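Structure for this input, please:
(chains A, B, C, D and E, ligands or ions: 9)
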Amino acid sequence: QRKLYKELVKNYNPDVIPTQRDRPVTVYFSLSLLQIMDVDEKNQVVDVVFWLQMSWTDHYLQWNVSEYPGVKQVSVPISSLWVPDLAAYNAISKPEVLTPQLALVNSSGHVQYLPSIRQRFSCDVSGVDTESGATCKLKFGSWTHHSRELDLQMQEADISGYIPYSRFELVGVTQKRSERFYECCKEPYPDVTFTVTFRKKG
Amino acid sequence: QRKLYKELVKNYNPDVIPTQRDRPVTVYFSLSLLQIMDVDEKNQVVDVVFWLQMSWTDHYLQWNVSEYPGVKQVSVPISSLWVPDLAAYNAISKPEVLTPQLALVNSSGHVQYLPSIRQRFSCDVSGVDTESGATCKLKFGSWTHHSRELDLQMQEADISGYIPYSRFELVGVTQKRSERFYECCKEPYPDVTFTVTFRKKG
Amino acid sequence: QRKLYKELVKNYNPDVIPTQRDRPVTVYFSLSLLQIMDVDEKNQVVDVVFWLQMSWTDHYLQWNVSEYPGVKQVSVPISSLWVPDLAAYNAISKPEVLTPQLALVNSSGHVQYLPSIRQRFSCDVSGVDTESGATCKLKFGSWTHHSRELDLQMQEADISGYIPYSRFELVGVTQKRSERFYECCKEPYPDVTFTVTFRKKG
Amino acid sequence: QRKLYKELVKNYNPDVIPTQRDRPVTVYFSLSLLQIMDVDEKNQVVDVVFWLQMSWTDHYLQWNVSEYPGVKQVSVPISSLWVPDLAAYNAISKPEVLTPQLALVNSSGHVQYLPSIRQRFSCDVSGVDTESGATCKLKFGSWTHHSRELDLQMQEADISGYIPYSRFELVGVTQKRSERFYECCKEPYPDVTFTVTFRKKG
Amino acid sequence: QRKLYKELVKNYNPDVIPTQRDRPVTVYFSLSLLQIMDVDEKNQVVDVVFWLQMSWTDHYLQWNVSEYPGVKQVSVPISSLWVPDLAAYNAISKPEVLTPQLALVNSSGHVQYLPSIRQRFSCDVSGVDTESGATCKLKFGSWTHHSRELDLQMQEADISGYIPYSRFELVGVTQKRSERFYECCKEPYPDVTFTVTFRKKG
Ligand SMILES: *[C@@H]1O[C@H](CO)[C@@H](O[C@@H]2O[C@H](CO)[C@@H](O)[C@H](O)[C@H]2NC(C)=O)[C@H](O)[C@H]1NC(C)=O
Ligand SMILES: *[C@@H]1O[C@H](CO)[C@@H](O)[C@H](O)[C@H]1NC(C)=O
Ligand SMILES: *[C@@H]1O[C@H](CO)[C@@H](O)[C@H](O)[C@H]1NC(C)=O
Ligand SMILES: *[C@@H]1O[C@H](CO)[C@@H](O)[C@H](O)[C@H]1NC(C)=O
Ligand SMILES: *[C@@H]1O[C@H](CO)[C@@H](O)[C@H](O)[C@H]1NC(C)=O
Ligand SMILES: *[C@@H]1O[C@H](CO)[C@@H](O)[C@H](O)[C@H]1NC(C)=O
Ligand SMILES: *[C@@H]1O[C@H](CO)[C@@H](O)[C@H](O)[C@H]1NC(C)=O
Ligand SMILES: *[C@@H]1O[C@H](CO)[C@@H](O)[C@H](O)[C@H]1NC(C)=O
Ligand SMILES: *[C@@H]1O[C@H](CO)[C@@H](O)[C@H](O)[C@H]1NC(C)=O
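Residues are numbered from 1 along each chain as shown, chains lettered A, B, ... in the order given. Ligands and ions are numbered 1, 2, ... in the order given. Please see the structure below:
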């Protein structure tokens, strides 16, 4: 019934970005803030819990919807396939993934990974009591592949996920991707930056 | 003696949900509160310890009660078979499983997993001192499988397990499963939500 | 010299209890209190460090004292053989094993495992200042095997291991194994319960 | 298209330093301070988050730019190749690597590893309030390979990475490599030492 | 050039103590105090960071200095060879190894392991303010092997490694090995006990 798995992994090396030369693997990135845990005004850091949304197309993982019974989509362990090496640029703590590390794959080869993470970032929380509000920037981006290899494209930033209570309230979330040439390598480097603004409830 | 193990694992890939098409693996879910550890009124979080009761039928794991001596049920490591990818939609800390990660299996193929977990959840503990009491919702649910693949069915919520002493006392536990829709993915995702109400003893 | 190891592991699956049908593997259990670290009167929990003493007979692990030079007993990693799945039924934290995870095995097949553990238990430490003293019960027991598969038999509780200083002093340690029956299995269940009584030194 | 990976790992044992005899593997070391988290004046320790810049040449990892399509550089998991066993001599906590553990490799065989680390060091933070400033020395160095096997060569210390805000401000960063001697062995052990001086903003 | 590794591991099982019968593997043990982090007078525990010096002779790991080019000594991961199962008897926290887990081996077969560890011990720190000073005993010893299998021999205790500043100052370090005849089995158990005395600087 599911010899599909045996086949999908057969000739697969997850350390290889599935590019079809000059055809950069495009990954649709998106972050959804769930809650702001703490704010260390003393050391300038915020504890955040978010919901990463990543989707890309792995040509190595497609199959004939017919050659296999009624197998539309399968559930695979991220440790089995290639997954975007996105990293938090201003992080000061290792990311702690809260949810099961599993991804969904199409019969056509479309992967979807939605981990819930709690991670701490370096940020200026000076004006977290002022009505103006403290602003934190969460910069994400590939850690090794450039624009031609891995193309980052941000999608609709969902904010309806934020906790209703919570000691803090969201004043605004921006999100904007930028490509920077970096002094070297003819190839640019993309990155999505979520700008979160919040203030203590009073 | 027990060549049963060698056989049960022979052609098994634990990353594959044991469905036989138009036959969704039904898992009987149930949570039993053991004790409320702490309540962070400052950050709005509760530390809870409970033990989850999960049971399902794995057709790949059945055997002839005769072909094998007097082997009625075996004790296998969850890392060896498929196990429901249930997750706490609203958790803010990785689950810490306290008990041995072993499951029991019938000669017919009925698995049973009863782990004791300590995990922290985001919750509004404002009125934990009021006689009305603070209410927390623990939402659980499959993470990659929809209704047709994995059917969640809640069973009798046991409450006789709660610690007699404890700084807190249980005012009420509800528990109710709902089939909810999410953007994308044609199918809907079943989730069981345990609503716990407690107040500080005084 | 030691092809003994290559042979002892050859046809071994550590997930299989060494029962030779109608011959329940009997494990001699025993706990030795080393020190009481802390007592959280606010949340009702004790931090304990104890010395577990477990011994059983693995028929799969015996050899001819002659066929092998002068190899009387070997030192093997618990991850290599079957080991009792005993669990603390009243624990609120994963057990932290302090010592090397190695076991000793006889030429006849008698295993011995003595790990030092620090674990926290839920307990009523209300009267820890009273001269009467607070009493904690540490209930241990298999997690999946019943009486016919794994027979728990408690042996002499050693108390001479307790720390002379320490903020607390031992008023008494009981220890008593009990078997029961429940709704199911027609299968009984063994469990050893160490009852520790202590009070703050003043 | 990337059978390159299958080939690069084929005859590779990452526990073997890629010295091509009498030609010591030279690794270009460099640290970049990102932020000083806390200073424990009571126990004399600093919590630091730095950027580590390491680059070396692995002759075992080179390939014909032509024999392989347009594969210029690949992204490999440090657990797959040999990587400098540099250690922090005066660390009092295990290093916590924040970024993805991946390295970049040239078609010629030049590896590049840039991990972001948060680690705590033993240091005299007495005068952290004085205008003179507290000074900490972060001594790094290979731990098992001597001068002839692994040659450490420090490069330009980048300081533009430091956090603008932060409770502390950098008064000076030195950095100087020294070839020293030890009471364990008969051989020179090189080591780069970054001397950071900072004071609390007031 | 280094097929030496492929050969050194070929017929090796690291769970087997390398005793060439009637020849107890003698390990030269030695501890060097680096710094005393904290002292919990409330719970009677000290946080210590030391430097373990262990050396022994593994006959299975020797080679012809000629049969292999100019390979004098190699750097191997402790997970690859047998290493003394020494344990901290009165430890109340798992040992946290700070340095790279690698060992050095002679062409003759002499292993050397020098890990830096931070571990907490149960100790009477009552008089840490008195001029007399608090005294802590760090008892180490094999966990499964007795005198005939593993012979512990302490060597010069180096104290020049202690941190100059530090809230505490060393009043004295003794170190003395004792052979402790336990219950049964005529072969006793050797254990080295480092007695450290310190007082708060004032
Ligand atoms: C995808 O699978 C279908 C069904 O197996 C393949 O169809 C074959 O060709 C025609 C069109 O359906 C049928 O008459 C044959 O009977 C099918 N052959 C088989 C093996 O049943 C189709 O060719 C496949 N296409 C791809 C992309 O591989
Ligand atoms: C899955 O593949 C389908 C093609 O059938 C495509 O419409 C979609 O973009 C992919 N994602 C889904 C529907 O989850
Ligand atoms: C099932 O058990 C029967 C009991 O009579 C026995 O003959 C045989 O081993 C098994 N038969 C099949 C087809 O599974
Ligand atoms: C186990 O198998 C038996 C076989 O008759 C079945 O009746 C029962 O519902 C299954 N569940 C358990 C764990 O008892
Ligand atoms: C034990 O080993 C000896 C070899 O000295 C052999 O003669 C004898 O048959 C063996 N007996 C058993 C119990 O296997
Ligand atoms: C081996 O088991 C026998 C059981 O009779 C016992 O006498 C002997 O002391 C044991 N050896 C050990 C565990 O040291
Ligand atoms: C690389 O491969 C080409 C194949 O066209 C071959 O001609 C050439 O000798 C190789 N170049 C080097 C650097 O050896
Ligand atoms: C690899 O790095 C070296 C460093 O000098 C550089 O010269 C070379 O161009 C890089 N790779 C190749 C062969 O292009
Ligand atoms: C050592 O190596 C030499 C030359 O390879 C050869 O005589 C023999 O293999 C070895 N002899 C001894 C005594 O180790």
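
Isn't residue A:17 up against residue A:26?
No: contact criterion C-beta atoms under 8 Å: residue A:17 and residue A:26 do not qualify, at 11.4 Å. From N, CA and C alone the C-beta is placed, and that goes for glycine too.

Can you report how many residues neighbour residue A:178?
Residue A:178 has 13 neighbouring residues, counting by other C-beta atoms under 10 Å in any protein chain shown.

which of residue A:17 and residue A:26 has more neighbours?
The neighbour comparison of residue A:17 against residue A:26 (other C-beta under 10 Å) goes to residue A:17, with 22 against 12.

residues in contact with the residue of chain A found nearest chain E?
Residue nearest to chain E within chain A (C-beta to the nearest C-beta): residue A:94, separated by 16.1 Å. For residue A:94, the contact set (C-beta atoms under 8 Å, 6 or more residues apart in numbering or on different chains) comprises A:119, D:96, D:97, D:98.

Repeat that for residue A:109.
With C-beta under 8 Å, 6+ apart, residue A:109 has these contacts: A:57, A:58, A:59, A:60, A:61, A:62.

what's the nearest residue to the residue nearest the centre of chain A if we skip its chain neighbours?
The centre of chain A sits closest to residue A:52, judged by C-alpha atoms, centre = their mean, with a distance of 4.3 Å. Closest residue in space to residue A:52, ignoring its immediate chain neighbours: residue A:115 at 5.3 Å, by C-beta to C-beta, 6 or more residues apart in numbering or on different chains.

For chain D, what's the nearest residue on chain A?
Counting by C-beta to the nearest C-beta, chain A gets nearest chain D through residue A:144, at 4.1 Å.

picking that back up, number of nearby residues for the residue nearest to residue A:52?
By other C-beta under 10 Å, neighbour count at residue A:115 equals 20.

roughly how far apart are residue A:128 and residue C:17?
Plainly put, residue A:128 is 57 Å away from residue C:17 if you go by C-beta to C-beta, to the nearest Å.

Longest strand in chain A, please.
Taking DSSP state E as the criterion, chain A has its longest strand at strand A:189-200.

which other helices and strands contact it?
Strand A:189-200 makes packing contacts with strand A:33-40, strand A:134-142, strand A:150-154, strand A:168-173, strand A:176-180 when contacts are defined by 3 or more C-beta pairs under 8 Å, 6 or more residues apart in numbering or on different chains; DSSP states H and E.

can you list contacts of the helix or strand that comes right after the first one?
Using DSSP states H and E, the next helix or strand after strand A:33-40 towards the C-terminus is strand A:45-51. Identification of contacts with strand A:45-51 by C-beta under 8 Å, 6+ apart yields A:31-40, A:92, A:98, A:114-123, A:125, A:136, A:138, A:158, A:161, A:196, B:92, B:122, D:37.

on that earlier part again, and of the contacts of residue A:94, the nearest to ligand 1?
residue A:119 (41.8 Å; C-beta to the nearest ligand atom).

Figure out the helix or strand that the closest one lives in.
Using DSSP H and E, residue A:119 maps to strand A:116-122.

tell me the angle that strand makes with strand A:189-200.
Here strand A:116-122 runs at an angle of 80 degrees relative to strand A:189-200 (axes from the mean of the first three to the mean of the last three C-alpha atoms, to 10 degrees).

Any buried residues in strand A:116-122, and which?
A:116, A:117, A:118, A:119, A:120, A:121, A:122 (16 or more other C-beta atoms under 10 Å in any protein chain shown).

Please look at the last one and residue A:40 and confirm they touch.
Pointing back at residue A:122 there. No: contact status for residue A:122 versus residue A:40: not in contact, 10.1 Å apart, counting by C-beta under 8 Å.

anything in the host helix or strand of residue A:27 near ligand 2?
Residue A:27 is part of strand A:25-30, with elements assigned from DSSP H and E. No: Strand A:25-30 is not in contact with ligand 2 by C-beta under 6 Å from any ligand atom; minimum separation 10.1 Å.

ok and the residue in chain A nearest ligand 5?
Distance from ligand 5 to each residue of chain A (C-beta to the nearest ligand atom) is smallest for residue A:6, at 43.4 Å.

Chain neighbours aside, what residue packs nearest to that residue?
With C-beta to C-beta, 6+ apart, the residue lying closest to residue A:6 is residue B:13, at 7.1 Å.

As JSON lines, the helices and strands packed on strand A:189-200 with distance to ligand 9 would be great.
Shown next, in JSON lines, are the helices and strands packed on strand A:189-200 (distance: least, C-beta to the nearest ligand atom, whole Å):
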{"stretch": "strand A:33-40", "distance to ligand 9": "63"}
{"stretch": "strand A:134-142", "distance to ligand 9": "51"}
{"stretch": "strand A:150-154", "distance to ligand 9": "52"}
{"stretch": "strand A:168-173", "distance to ligand 9": "71"}
{"stretch": "strand A:176-180", "distance to ligand 9": "59"}
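
Put together CSV for those, with distance to residue E:84 on each row.
Supplementary listing: the helices and strands packed on strand A:189-200 in CSV, determined by distance: least, C-beta to C-beta, whole Å:
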stretch, distance to residue E:84
strand A:33-40, 42
strand A:134-142, 44
strand A:150-154, 47
strand A:168-173, 52
strand A:176-180, 52
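
among those strands, which is nearest ligand 2?
Of all the helices and strands packed on strand A:189-200, strand A:150-154 comes closest under C-beta to the nearest ligand atom, at 13.9 Å.

which parts of that closest one are buried?
In strand A:150-154, counting by 16+ other C-beta under 10 Å, buried: A:150, A:151, A:152, A:154.

now do stretch A:25-35
Applying 16+ other C-beta under 10 Å to stretch A:25-35 flags A:25, A:27, A:28, A:29, A:30, A:31, A:32, A:33, A:34, A:35 as buried.

Let me know whether that stretch sits next to chain B.
Yes: with C-beta under 8 Å from any C-beta of the partner chain as the criterion, chain B is reached by stretch A:25-35 at A:34, A:35.

Do me a favour and get the end-to-end distance for that stretch?
31 Å (C-alpha to C-alpha, to the nearest Å).

So it, near chain D or not?
No: Stretch A:25-35 lies out of reach of chain D by C-beta under 8 Å from any C-beta, never closer than 12.3 Å.

okay but the residue nearest to residue A:6 is in contact with residue A:4, surely?
No: applying C-beta under 8 Å, one finds residue B:13 not in contact with residue A:4, separated by 9.9 Å.

Looking at these two, which is more packed in?
Neighbours were counted for residue B:13 and for residue A:4 using other C-beta under 10 Å; residue A:4 has more, 19 against 14.

Give me the phi and psi for the more buried one.
Dihedral pair for residue A:4: phi -60, psi -40, per degrees, to the nearest 10.

count of neighbours near the residue of chain A found nearest ligand 4?
In chain A, the residue that lies nearest ligand 4 is residue A:1 (23.0 Å; C-beta to the nearest ligand atom). Residue A:1 has 13 neighbours, counted by other C-beta under 10 Å.
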